[PDB]
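protein-v7.cif (mmCIF, C-alpha atoms)
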data_input
loop_
_atom_site.label_atom_id
_atom_site.label_comp_id
_atom_site.auth_asym_id
_atom_site.auth_seq_id
_atom_site.Cartn_x
_atom_site.Cartn_y
_atom_site.Cartn_z
CA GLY W 912 0.00 0.00 0.00
CA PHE W 913 2.97 2.30 -0.62
CA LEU W 914 2.38 5.50 -2.68
CA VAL W 915 6.18 5.65 -3.23
CA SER W 916 8.94 3.13 -2.49
CA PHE W 917 12.42 3.94 -3.79
CA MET W 918 16.09 3.46 -2.94
CA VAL W 919 18.14 6.54 -2.14
CA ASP W 920 21.80 7.11 -1.16
CA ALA W 921 24.25 10.06 -0.56
CA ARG W 922 23.64 11.15 -4.19
CA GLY W 923 20.03 11.96 -3.28
CA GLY W 924 16.92 11.32 -5.34
CA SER W 925 13.22 12.09 -5.69
CA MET W 926 9.93 10.34 -6.51
CA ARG W 927 6.35 11.34 -7.24
CA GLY W 928 3.35 9.15 -6.52
CA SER W 929 0.56 8.63 -9.05
CA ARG W 930 -1.19 11.84 -10.36
CA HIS W 931 -4.21 10.69 -8.21
CA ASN W 932 -2.34 11.28 -4.95
CA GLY W 933 0.12 14.07 -5.91
CA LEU W 934 2.80 13.09 -3.35
CA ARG W 935 6.37 14.26 -4.09
CA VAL W 936 9.32 13.19 -1.89
CA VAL W 937 12.66 15.03 -2.44
CA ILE W 938 15.78 13.63 -0.74
CA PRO W 939 18.64 16.05 -1.49
CA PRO W 940 22.23 14.88 -1.97
CA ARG W 941 24.22 14.37 1.29
CA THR W 942 21.17 13.96 3.59
CA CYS W 943 21.09 10.16 3.50
CA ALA W 944 24.42 8.59 4.60
CA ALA W 945 23.62 4.96 3.58
CA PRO W 946 21.34 3.31 0.92
CA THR W 947 17.77 3.59 2.32
CA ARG W 948 14.33 2.54 1.09
CA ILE W 949 12.11 5.68 1.25
CA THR W 950 8.40 4.88 1.49
CA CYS W 951 5.07 6.61 2.10
CA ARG W 952 1.65 5.21 2.91
CA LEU W 953 -1.75 6.77 3.66
CA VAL W 954 -3.31 6.25 7.11
CA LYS W 955 -7.11 5.97 7.67
CA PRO W 956 -8.10 8.49 10.46
CA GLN W 957 -10.73 6.03 11.83
CA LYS W 958 -7.91 3.45 12.32
CA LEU W 959 -6.09 5.77 14.80
CA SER W 960 -6.43 4.83 18.49
CA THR W 961 -5.95 8.56 19.36
CA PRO W 962 -6.88 10.84 16.40
CA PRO W 963 -5.82 14.57 16.42
CA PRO W 964 -8.06 16.16 19.16
CA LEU W 965 -9.73 18.86 17.02
CA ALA W 966 -11.12 22.09 18.44
CA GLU W 967 -14.36 23.67 17.07
CA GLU W 968 -12.80 25.54 14.10
CA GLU W 969 -10.03 22.95 13.45
CA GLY W 970 -10.10 20.33 10.69
CA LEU W 971 -7.82 17.94 8.85
CA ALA W 972 -6.78 19.54 5.51
CA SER W 973 -4.77 16.62 4.05
CA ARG W 974 -4.51 12.85 4.20
CA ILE W 975 -2.44 11.43 7.10
CA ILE W 976 0.90 10.17 5.79
CA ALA W 977 3.33 7.70 7.28
CA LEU W 978 6.81 8.27 5.82
CA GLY W 979 9.24 5.36 6.05
CA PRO W 980 11.52 4.22 7.55
CA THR W 981 9.76 5.59 10.70
CA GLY W 982 12.27 7.44 12.84
CA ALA W 983 14.71 8.07 9.91
CA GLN W 984 17.09 10.97 10.64
CA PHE W 985 18.56 13.05 7.79
CA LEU W 986 21.85 15.03 7.91
CA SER W 987 20.01 18.12 6.58
CA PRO W 988 16.33 18.75 5.56
CA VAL W 989 14.32 16.65 3.09
CA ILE W 990 11.14 17.89 1.38
CA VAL W 991 7.70 16.31 1.07
CA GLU W 992 4.97 18.00 -1.02
CA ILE W 993 1.35 16.85 -0.64
CA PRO W 994 -1.97 18.26 -1.90
CA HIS W 995 -4.39 19.71 0.62
CA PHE W 996 -8.21 19.74 0.59
CA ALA W 997 -8.79 22.80 2.87
CA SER W 998 -12.29 24.27 2.44
CA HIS W 999 -11.07 27.89 2.69
CA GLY W 1000 -8.50 30.29 1.30
CA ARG W 1001 -6.80 33.22 3.00
CA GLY W 1002 -8.47 34.83 5.96
CA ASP W 1003 -9.19 33.85 9.54
CA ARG W 1004 -7.84 30.29 9.01
CA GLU W 1005 -4.31 28.95 8.31
CA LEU W 1006 -2.77 25.57 7.48
CA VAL W 1007 -0.27 24.03 9.87
CA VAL W 1008 1.86 20.86 9.64
CA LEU W 1009 1.13 18.50 12.58
CA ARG W 1010 3.20 15.46 13.53
CA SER W 1011 2.91 12.51 15.89
CA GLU W 1012 5.90 10.56 17.07
CA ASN W 1013 3.92 7.46 18.15
CA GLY W 1014 0.24 8.10 17.30
CA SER W 1015 -0.69 9.29 20.86
CA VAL W 1016 0.13 13.02 20.88
CA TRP W 1017 -0.18 15.52 18.02
CA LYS W 1018 1.92 18.67 17.89
CA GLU W 1019 2.93 21.37 15.40
CA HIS W 1020 5.97 20.25 13.31
CA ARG W 1021 8.97 22.56 13.91
CA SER W 1022 11.39 23.35 11.09
CA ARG W 1023 14.35 25.65 11.81
CA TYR W 1024 15.52 25.95 8.15
CA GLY W 1025 12.36 26.09 6.15
CA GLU W 1026 10.92 28.02 3.24
CA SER W 1027 13.60 30.80 3.52
CA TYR W 1028 16.30 28.25 2.61
CA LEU W 1029 14.89 26.06 -0.25
CA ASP W 1030 17.89 26.55 -2.57
CA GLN W 1031 20.38 25.81 0.22
CA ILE W 1032 18.48 22.66 1.40
CA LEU W 1033 18.66 21.24 -2.18
CA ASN W 1034 22.45 20.88 -1.77
CA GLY W 1035 23.11 21.44 -5.52
CA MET W 1036 20.31 19.06 -6.63
CA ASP W 1037 18.80 19.69 -10.07
CA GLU W 1038 15.16 19.90 -8.89
CA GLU W 1039 12.59 22.69 -9.17
CA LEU W 1040 10.73 23.78 -6.05
CA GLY W 1041 7.81 26.14 -6.78
CA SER W 1042 7.31 29.35 -4.78
CA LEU W 1043 4.72 29.54 -1.94
CA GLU W 1044 2.44 31.51 -4.36
CA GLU W 1045 2.56 28.71 -6.96
CA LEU W 1046 1.93 26.08 -4.25
CA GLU W 1047 -1.02 28.14 -2.99
CA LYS W 1048 -2.62 28.14 -6.51
CA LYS W 1049 -2.00 24.37 -6.93
CA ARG W 1050 -3.31 23.68 -3.35
CA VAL W 1051 -0.10 21.90 -2.30
CA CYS W 1052 1.56 21.94 1.13
CA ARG W 1053 5.31 21.57 1.61
CA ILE W 1054 6.77 19.72 4.67
CA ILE W 1055 10.48 20.46 5.32
CA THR W 1056 11.93 18.06 7.90
CA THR W 1057 15.15 16.38 9.13
CA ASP W 1058 13.27 13.27 10.34
CA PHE W 1059 10.32 10.98 9.70
CA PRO W 1060 7.84 10.88 12.66
CA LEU W 1061 5.20 8.14 12.62
CA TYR W 1062 2.60 10.57 11.12
CA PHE W 1063 2.30 13.94 9.38
CA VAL W 1064 -1.01 15.67 8.58
CA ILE W 1065 -1.99 19.20 7.57
CA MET W 1066 -4.53 20.83 9.87
CA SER W 1067 -6.67 23.89 9.24
CA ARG W 1068 -7.18 26.18 12.28
CA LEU W 1069 -7.94 29.78 13.33
CA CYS W 1070 -4.79 31.97 13.17
CA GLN W 1071 -3.01 31.50 16.56
CA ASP W 1072 -1.05 34.80 16.59
CA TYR W 1073 -1.80 37.60 19.07
CA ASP W 1074 -0.10 40.39 21.06
CA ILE W 1075 -1.00 41.60 24.54
CA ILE W 1076 -2.19 45.18 25.21
CA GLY W 1077 -3.19 46.59 28.62
CA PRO W 1078 -4.44 49.99 29.90
CA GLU W 1079 -0.99 51.63 29.26
CA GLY W 1080 -1.75 51.22 25.56
CA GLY W 1081 0.47 50.15 22.71
CA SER W 1082 0.60 49.27 19.03
CA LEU W 1083 -0.13 46.21 16.88
CA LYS W 1084 1.48 45.46 13.53
CA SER W 1085 0.40 42.91 10.96
CA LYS W 1086 2.53 39.77 10.40
CA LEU W 1087 1.89 39.81 6.56
CA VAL W 1088 1.52 43.52 5.62
CA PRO W 1089 4.14 45.93 7.18
CA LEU W 1090 2.27 49.30 7.04
CA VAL W 1091 -0.91 47.81 8.65
CA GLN W 1092 -0.95 49.21 12.19
CA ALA W 1093 -3.38 49.77 15.09
CA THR W 1094 -2.66 52.26 17.92
CA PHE W 1095 -4.29 51.67 21.31
CA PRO W 1096 -4.17 54.82 23.49
CA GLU W 1097 -4.06 54.63 27.31
CA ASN W 1098 -7.34 53.33 28.80
CA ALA W 1099 -8.68 51.93 25.44
CA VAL W 1100 -8.82 48.57 27.40
CA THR W 1101 -9.16 48.24 31.24
CA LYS W 1102 -6.96 45.07 31.49
CA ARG W 1103 -4.20 43.09 29.66
CA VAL W 1104 -5.98 41.38 26.75
CA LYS W 1105 -5.04 39.31 23.72
CA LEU W 1106 -5.54 41.16 20.41
CA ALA W 1107 -4.54 40.42 16.82
CA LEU W 1108 -4.31 42.72 13.79
CA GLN W 1109 -5.00 40.39 10.85
CA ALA W 1110 -4.14 41.68 7.37
CA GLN W 1111 -5.13 39.62 4.37
CA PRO W 1112 -3.46 40.66 1.05
CA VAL W 1113 -5.85 40.71 -1.94
CA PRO W 1114 -4.22 39.19 -5.12
CA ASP W 1115 -4.45 41.35 -8.27
CA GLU W 1116 -5.11 38.18 -10.36
CA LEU W 1117 -8.32 37.45 -8.44
CA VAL W 1118 -9.55 41.09 -8.63
CA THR W 1119 -8.86 41.14 -12.41
CA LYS W 1120 -10.67 37.78 -12.95
CA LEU W 1121 -13.82 38.88 -11.03
CA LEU W 1122 -13.99 42.67 -11.50
CA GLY W 1123 -11.64 43.50 -14.43
CA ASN W 1124 -10.34 47.08 -13.93
CA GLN W 1125 -13.57 48.34 -12.24
CA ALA W 1126 -11.93 48.55 -8.76
CA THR W 1127 -8.77 47.88 -6.73
CA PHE W 1128 -8.54 47.05 -3.08
CA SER W 1129 -6.42 47.44 -0.03
CA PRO W 1130 -5.61 44.32 2.07
CA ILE W 1131 -8.54 43.34 4.42
CA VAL W 1132 -7.67 44.41 7.96
CA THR W 1133 -9.47 42.80 10.95
CA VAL W 1134 -9.04 43.82 14.58
CA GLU W 1135 -9.47 40.52 16.45
CA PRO W 1136 -11.49 39.44 18.39
CA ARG W 1137 -14.47 41.06 16.62
CA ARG W 1138 -17.58 42.20 18.63
CA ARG W 1139 -15.46 44.28 21.10
CA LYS W 1140 -16.01 47.89 22.14
CA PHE W 1141 -13.08 50.07 23.22
CA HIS W 1142 -13.17 52.83 25.90
CA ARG W 1143 -11.12 55.19 23.69
CA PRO W 1144 -10.89 55.50 19.83
CA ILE W 1145 -8.36 53.09 18.30
CA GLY W 1146 -6.08 54.42 15.55
CA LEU W 1147 -5.88 52.30 12.36
CA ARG W 1148 -3.48 52.61 9.44
CA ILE W 1149 -4.24 50.77 6.19
CA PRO W 1150 -2.22 50.80 2.91
CA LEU W 1151 -4.27 52.43 0.16
CA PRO W 1152 -5.68 50.40 -2.82
CA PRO W 1153 -2.83 50.31 -5.47
CA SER W 1154 -4.59 52.52 -8.06
CA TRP W 1155 -5.10 55.20 -5.34
CA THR W 1156 -1.42 55.22 -4.24
CA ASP W 1157 -0.41 55.54 -7.95
CA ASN W 1158 -2.64 58.53 -8.69
CA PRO W 1159 -5.80 59.45 -6.61
CA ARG W 1160 -8.76 60.25 -8.90
CA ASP W 1161 -10.08 62.79 -6.34
CA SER W 1162 -9.19 64.40 -2.96
CA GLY W 1163 -10.72 61.44 -1.02
CA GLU W 1164 -12.60 64.06 1.18
CA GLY W 1165 -16.11 64.32 -0.28
CA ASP W 1166 -18.88 61.76 0.15
CA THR W 1167 -18.86 61.05 -3.63
CA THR W 1168 -15.14 60.11 -3.47
CA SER W 1169 -14.14 56.97 -5.38
CA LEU W 1170 -12.06 55.86 -2.32
CA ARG W 1171 -14.57 53.87 -0.31
CA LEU W 1172 -14.08 52.66 3.26
CA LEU W 1173 -15.98 49.40 3.81
CA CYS W 1174 -16.66 47.91 7.24
CA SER W 1175 -17.98 44.53 8.52
CA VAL W 1176 -18.84 44.17 12.24
CA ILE W 1177 -20.32 40.65 12.24
CA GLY W 1178 -18.59 37.82 14.13
CA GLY W 1179 -17.85 34.41 12.64
CA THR W 1180 -14.99 32.58 10.92
CA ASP W 1181 -14.53 33.97 7.39
CA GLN W 1182 -17.93 35.79 7.63
CA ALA W 1183 -18.43 39.42 6.52
CA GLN W 1184 -21.38 41.71 5.75
CA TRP W 1185 -19.89 44.75 4.06
CA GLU W 1186 -21.25 48.26 4.69
CA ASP W 1187 -20.04 51.46 3.02
CA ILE W 1188 -19.01 53.78 5.88
CA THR W 1189 -17.28 56.43 3.64
CA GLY W 1190 -17.98 59.82 5.17
CA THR W 1191 -18.88 58.51 8.67
CA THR W 1192 -15.21 58.90 9.68
CA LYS W 1193 -12.39 61.31 8.91
CA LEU W 1194 -9.58 59.72 6.89
CA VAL W 1195 -6.09 61.26 7.00
CA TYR W 1196 -3.79 60.33 4.10
CA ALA W 1197 -0.08 59.91 4.89
CA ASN W 1198 2.73 57.43 3.99
CA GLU W 1199 0.56 55.86 1.18
CA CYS W 1200 -2.02 54.81 3.85
CA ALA W 1201 -5.44 55.89 5.10
CA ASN W 1202 -5.45 56.73 8.87
CA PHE W 1203 -8.70 56.76 10.84
CA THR W 1204 -10.19 55.77 14.23
CA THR W 1205 -12.74 53.16 15.40
CA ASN W 1206 -14.43 52.55 18.79
CA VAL W 1207 -15.16 48.91 17.91
CA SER W 1208 -13.24 45.90 16.54
CA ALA W 1209 -14.35 45.00 12.98
CA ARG W 1210 -13.02 44.20 9.50
CA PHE W 1211 -12.01 47.21 7.38
CA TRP W 1212 -11.39 47.35 3.64
CA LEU W 1213 -10.62 50.23 1.28
CA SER W 1214 -11.60 50.17 -2.38
CA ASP W 1215 -10.88 52.64 -5.24
CA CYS W 1216 -14.30 52.02 -6.87
CA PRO W 1217 -15.43 54.73 -9.40
CA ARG W 1218 -18.91 53.08 -9.68
CA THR W 1219 -19.34 54.01 -5.96
CA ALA W 1220 -22.89 52.56 -5.55
CA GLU W 1221 -21.46 49.09 -6.53
CA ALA W 1222 -18.64 49.07 -3.86
CA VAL W 1223 -20.50 46.71 -1.43
CA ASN W 1224 -21.63 44.38 -4.30
CA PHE W 1225 -18.01 44.24 -5.62
CA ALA W 1226 -16.60 43.64 -2.10
CA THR W 1227 -19.18 40.88 -1.41
CA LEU W 1228 -18.47 39.09 -4.73
CA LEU W 1229 -14.68 39.32 -4.19
CA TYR W 1230 -14.76 38.37 -0.46
CA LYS W 1231 -16.64 35.10 -1.26
CA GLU W 1232 -13.68 34.02 -3.48
CA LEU W 1233 -10.78 35.17 -1.22
#

structure tokens encoding of this file:
Amino acid sequence: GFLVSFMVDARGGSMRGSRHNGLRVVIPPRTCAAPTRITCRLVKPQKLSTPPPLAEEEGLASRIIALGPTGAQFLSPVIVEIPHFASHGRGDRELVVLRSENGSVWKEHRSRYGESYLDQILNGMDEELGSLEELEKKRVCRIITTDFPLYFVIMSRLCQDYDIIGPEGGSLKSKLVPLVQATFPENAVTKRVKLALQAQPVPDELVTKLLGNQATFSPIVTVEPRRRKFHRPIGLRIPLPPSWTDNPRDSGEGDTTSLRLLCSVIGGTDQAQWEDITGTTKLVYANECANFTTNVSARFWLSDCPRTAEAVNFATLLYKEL
């Protein structure tokens, strides 16, 4: 029941499973000291004595794989690519590699030299590794590891990142988008709380496919958790939609401005109900960003949308596909 079974030595080697399973195992030169039979099999989740203990918004995004020989240790990282079947894209959820040493406990797989070192990990091997963008389009996950645990599986979960802000105030930055920032003044919160500033980039290819050149968008910025009220206004900084940074079609001051500020206050994983709030708040333009305040946590999204009455319809159509 092996998807792949091949001999490998110090020269390295690679193998792909059938097109029906999409597995790719890459063993670079100098990682395997002696001739070794590399294998991979699929594992039925219902056959596990202790399956991954999934929380409410967690799910398995790939098949469970058992790479052989179990317990194999490599001199430097090896690469395993597998397709995922996650039911979402970018947003409130992320994909994480889980591993289990003996089938009893499941933890996040740690890789010290990962995606930032693909070319170095290859050790001169003549193999092509696609970028994270290309893997995203193809719905493929890449596991970089120096050993084979009993099991690997991809899990889908709510983003785990957060920072802590108390009554002294502070600032939050996005992990993905550098200019995305939230400023919490003193007394905005009454105690030390966990907060996250989520910024989801919007790919031009998707916007073009769905809306042509009718609108452009900023990244979607969400102050997490949603459904929270602050005791003082919170400062938010969002990079402008790309067509607006290039050349604004108007001052961005009037209510008929083509630069629309959209807001969604509803709770729920990857749920939004967009409302055009342009003109309800003062926007200050500086450093190729819009700067404004909010008294509540919510999702925020800017759009340079000349057909202004269609901004919510365009946002809704696009958000469904993100």

Residues of range 943-1045 of chain W that have any atom at most 12 Å from an atom of range 1058-1061 of chain W: could you tabulate them with the shortest-distance atom pair and the distance in Å to one decimal, using all atoms listed in the file, ordered by chain and increasing number, as a Markdown table?
| residue | atom | partner | partner_atom | distance |
| --- | --- | --- | --- | --- |
| W:943 | CA | W:1058 | CA | 10.8 |
| W:949 | CA | W:1059 | CA | 10.1 |
| W:950 | CA | W:1059 | CA | 10.4 |
| W:951 | CA | W:1059 | CA | 10.2 |
| W:952 | CA | W:1061 | CA | 10.7 |
| W:953 | CA | W:1061 | CA | 11.4 |
| W:954 | CA | W:1061 | CA | 10.3 |
| W:959 | CA | W:1061 | CA | 11.7 |
| W:975 | CA | W:1061 | CA | 10.0 |
| W:976 | CA | W:1061 | CA | 8.3 |
| W:977 | CA | W:1061 | CA | 5.7 |
| W:978 | CA | W:1059 | CA | 5.9 |
| W:979 | CA | W:1059 | CA | 6.8 |
| W:980 | CA | W:1059 | CA | 7.2 |
| W:981 | CA | W:1059 | CA | 5.5 |
| W:982 | CA | W:1059 | CA | 5.1 |
| W:983 | CA | W:1059 | CA | 5.3 |
| W:984 | CA | W:1058 | CA | 4.5 |
| W:985 | CA | W:1058 | CA | 5.9 |
| W:986 | CA | W:1058 | CA | 9.1 |
| W:987 | CA | W:1058 | CA | 9.1 |
| W:988 | CA | W:1058 | CA | 7.9 |
| W:989 | CA | W:1058 | CA | 8.1 |
| W:990 | CA | W:1058 | CA | 10.3 |
| W:991 | CA | W:1059 | CA | 10.5 |
| W:1009 | CA | W:1060 | CA | 10.2 |
| W:1010 | CA | W:1060 | CA | 6.6 |
| W:1011 | CA | W:1061 | CA | 5.9 |
| W:1012 | CA | W:1060 | CA | 4.8 |
| W:1013 | CA | W:1061 | CA | 5.7 |
| W:1014 | CA | W:1061 | CA | 6.8 |
| W:1015 | CA | W:1061 | CA | 10.2 |
| W:1016 | CA | W:1061 | CA | 10.9 |
| W:1017 | CA | W:1061 | CA | 10.6 |
| W:1018 | CA | W:1060 | CA | 11.1 |
| W:1019 | CA | W:1060 | CA | 11.9 |
| W:1020 | CA | W:1060 | CA | 9.6 |
| W:1021 | CA | W:1058 | CA | 10.8 |
| W:1022 | CA | W:1058 | CA | 10.3 |

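Remark: for residue 993 in chain W, the closest of the candidate residues W:1197, W:972, W:1106, W:1216 is W:972 (distances computed over only C-alpha atoms).
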
*Picked residues, the PyMOL selection byres ((chain W and resi 1201-1206) around 7), as a ChimeraX atom specification*: /W:1140-1141,1143-1151,1192-1197,1200,1207

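Applied to this file, the PyMOL selection byres ((chain W and resi 1116) around 12) selects the residues residues 1044, 1048, 1112, 1113, 1114, 1115, 1117, 1118, 1119, 1120, 1121, 1122, 1123, 1124, 1127, 1128, 1229, 1232 and 1233 of chain W.
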
Can you spell out as a tab-separated table (two decimals) with C-alpha atoms, in the frame of the given file the set of residues that the PyMOL selection byres ((chain W and resi 1172) around 6) selects in the structure I just provided?
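Final output, saved to part31.tsv:
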chain	number	residue	atom	x	y	z
W	1171	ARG	CA	-14.57	53.87	-0.31
W	1173	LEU	CA	-15.98	49.40	3.81
W	1188	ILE	CA	-19.01	53.78	5.88
W	1189	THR	CA	-17.28	56.43	3.64
W	1212	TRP	CA	-11.39	47.35	3.64
W	1213	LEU	CA	-10.62	50.23	1.28

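Of the residues listed (W:1092, W:1184, W:1156, W:1109), W:1109 shows the shortest atom-to-atom separation from residue 1001 in chain W; distances use only C-alpha atoms.
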
So that I can check the surroundings of residue 1067 in chain W, please list as a PDB file with C-alpha atoms, keeping the file's coordinate frame every protein, DNA and RNA residue that reaches within 9 Å of it, counting only C-alpha atoms and ignoring chain neighbours fewer than 4 positions away.
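The result, written out as result20.pdb:
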ATOM      1  CA  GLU W 968     -12.800  25.540  14.100  1.00  0.00           C
ATOM      2  CA  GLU W 969     -10.030  22.950  13.450  1.00  0.00           C
ATOM      3  CA  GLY W 970     -10.100  20.330  10.690  1.00  0.00           C
ATOM      4  CA  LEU W 971      -7.820  17.940   8.850  1.00  0.00           C
ATOM      5  CA  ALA W 972      -6.780  19.540   5.510  1.00  0.00           C
ATOM      6  CA  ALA W 997      -8.790  22.800   2.870  1.00  0.00           C
ATOM      7  CA  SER W 998     -12.290  24.270   2.440  1.00  0.00           C
ATOM      8  CA  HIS W 999     -11.070  27.890   2.690  1.00  0.00           C
ATOM      9  CA  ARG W1004      -7.840  30.290   9.010  1.00  0.00           C
ATOM     10  CA  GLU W1005      -4.310  28.950   8.310  1.00  0.00           C
ATOM     11  CA  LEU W1006      -2.770  25.570   7.480  1.00  0.00           C
ATOM     12  CA  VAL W1007      -0.270  24.030   9.870  1.00  0.00           C
TER      13      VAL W1007
END

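Taking all atoms listed in the file into account, residue 937 in chain W lies nearest to W:1038 out of the set W:967, W:1186, W:1026, W:1038.
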
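Closest to residue 1168 in chain W among W:1209, W:1054, W:1220, W:1043 is W:1220, based on only C-alpha atoms.
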
*Go through W:1035, W:933, W:962, W:946 and flag the residue nearest residue 1062 in chain W, using only C-alpha atoms for the distances.*
W:962

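Distance-wise, CA of residue 1025 in chain W and CA of residue 1053 in chain W end up 9.5 Å apart.
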
_Computed interatomic separation between CA of residue 1002 in chain W and CA of residue 1183 in chain W (Å)_ = 11.0 Å

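With all atoms listed in the file as the basis for measurement, W:1175 is the residue among W:1198, W:1175, W:942, W:1056 that approaches residue 1138 in chain W most closely.
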